[PDB]
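Participant: quick one: experimental structure and sequence below.
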Amino acid sequence: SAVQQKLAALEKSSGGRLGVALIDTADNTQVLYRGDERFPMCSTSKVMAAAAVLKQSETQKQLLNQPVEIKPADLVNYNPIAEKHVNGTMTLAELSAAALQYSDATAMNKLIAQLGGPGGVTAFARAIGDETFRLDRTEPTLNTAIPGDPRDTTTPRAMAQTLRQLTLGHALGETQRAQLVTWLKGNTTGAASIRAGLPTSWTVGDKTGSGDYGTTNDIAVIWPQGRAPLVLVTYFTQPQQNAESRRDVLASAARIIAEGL
Ligand SMILES: [Cl-]
Ligand SMILES: [Zn+2]
């Protein structure tokens, strides 16, 4: 496809390895670039953890309003919300909101712990049919993206399918699916990533991520005008450990998709 040649050219000029999956829910067609290669997830795994806690809340009444103690030992690499609550509490809803909308790493670690560790997040992935996602570590090590290391990786194909199931399908209950979509739509970190490659009138929920090896990621559900929603995942990582983040490459991938399909 013309899209696949533009994505190959984008990668060639990019200084890294690019992975893209787009699902068009109008006809359930898929466009993939390196769609079955593993990529480090970095912050984008926060969507799985928040979703897994939402699933817990379907049978545990008021779980989202349960206070969770924030302790000094919980603070990790980026704690914009939790660092205002040490020796206080945050509810699981507030922790999910902080992880998703501010990428709060302490909040992520509280969610992972609420699920019984990284295996609990992975078990939720398996329960909703994702055989590929794996979470192996916790913050701050989730931000380390060693090339070839399969820990804390997924494939673009699998993340797009899972994101679709969570936000547009039936993986979650109706109230929970709406809450996840609301959280994603209120993300504060995405202005320079997929959103920067889309028409401003299209509605977007997204979760970015970044880590070392210049790893720069974003996963999005898009509601265009005039057509059915899209699910777009863009993963990018580079050969040098201290490579610079390339949110602009993800914006380019989003523009190719927005204009070519
Ligand atoms: Cl992370
Ligand atoms: Zn992190």
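Facilitator: Done, it's in. Numbering: from 1, shown residues only. Ligands and ions are numbered 1, 2, ... in the order given.
Participant: and the residue of the stretch 151-261 of the chain found nearest ligand 2, what does it touch?
Facilitator: Taking Cβ to the ion, ligand 2 has its nearest neighbour within the stretch 151-261 of the chain at residue 211, 6.9 Å off. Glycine gets a C-beta too; all of them are placed from N, C-alpha and C. Neighbouring residues of residue 211 by Cβ atoms under 8 Å, 6 or more residues apart in numbering: 40, 42-43, 142-145.
Participant: swap in residue 236?
Facilitator: So residue 236 contacts 14, 16-19, 214-217, 246, 249-250 (Cβ under 8 Å, 6+ apart).
Participant: okay, stretch 76-87 in PDB with CA atoms only?
Facilitator: In PDB, the C-alpha atoms belonging to stretch 76-87 read as follows (Å, rounded to 0.1, in the frame of the first residue of the first chain):
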ATOM      1  CA  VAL A  76       9.800   6.300  41.900                       C
ATOM      2  CA  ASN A  77      11.000   8.200  38.800                       C
ATOM      3  CA  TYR A  78       8.200  10.600  38.000                       C
ATOM      4  CA  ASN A  79       5.500  11.300  40.600                       C
ATOM      5  CA  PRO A  80       3.700  14.500  39.700                       C
ATOM      6  CA  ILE A  81       0.500  13.500  41.600                       C
ATOM      7  CA  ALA A  82       1.600  11.000  44.100                       C
ATOM      8  CA  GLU A  83       4.400  13.200  45.500                       C
ATOM      9  CA  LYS A  84       1.600  15.600  46.700                       C
ATOM     10  CA  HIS A  85       0.000  12.700  48.700                       C
ATOM     11  CA  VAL A  86       2.900  11.000  50.600                       C
ATOM     12  CA  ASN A  87       1.700   9.800  54.000                       C
END
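Participant: next one: the residue of the stretch 101-250 of the chain found nearest ligand 1 from ligand 2, what distance?
Facilitator: Residue nearest to ligand 1 within the stretch 101-250 of the chain: residue 142 (3.6 Å; Cβ to the ion). Look at residue 142 and ligand 2: by Cβ to the ion, to the nearest Å, they are 4 Å apart.
Participant: is it true that that residue lies in a strand?
Facilitator: No - going by DSSP: H, G, I helix; E, B strand; the rest coil, the assignment for residue 142 is helix, not a strand.
Participant: that one contacts residue 111, correct?
Facilitator: No - if you go by Cβ atoms under 8 Å, residue 142 and residue 111 don't touch, sitting 12.0 Å apart.
Participant: list residues touching both of these two?
Facilitator: By Cβ under 8 Å, 6+ apart, no residue touches both residue 142 and residue 111.
Participant: what's near enough to touch residue 25?
Facilitator: 164, 168, 228-231.
Participant: for these, work out which two are farthest apart.
Facilitator: Spatial extent of those (Cβ to Cβ) is set by the pair 164 and 228 at 11.6 Å.
Participant: higher neighbour count, these two?
Facilitator: For residue 164 versus residue 228, the count of surrounding residues by other Cβ atoms under 10 Å is larger for residue 164: 20 against 12.
Participant: what sits closest to the more buried one if chain neighbours are left out?
Facilitator: residue 231 (4.5 Å; Cβ to Cβ, 6 or more residues apart in numbering).
Participant: C-terminal to the helix or strand where residue 97 lies, which secondary structure element comes first?
Facilitator: Following DSSP states H and E, one finds residue 97 within helix 92-102. Downstream of helix 92-102, the next assigned helix or strand under DSSP H and E is helix 105-114.
Participant: check whether that following helix comes into contact with ligand 2.
Facilitator: Yes - counting by Cβ under 5 Å from the ion, contacts between helix 105-114 and ligand 2 involve residue 105.
Participant: for the remainder of this discussion, apply numbering that starts at 326.
Facilitator: Got it, the first residue is 326 from now on, which makes the last one we talked about helix 430-439.
Participant: list the buried ones in that helix?
Facilitator: Neighbour counts over helix 430-439 (16 or more other Cβ atoms under 10 Å) mark 430-437, 439 as buried.
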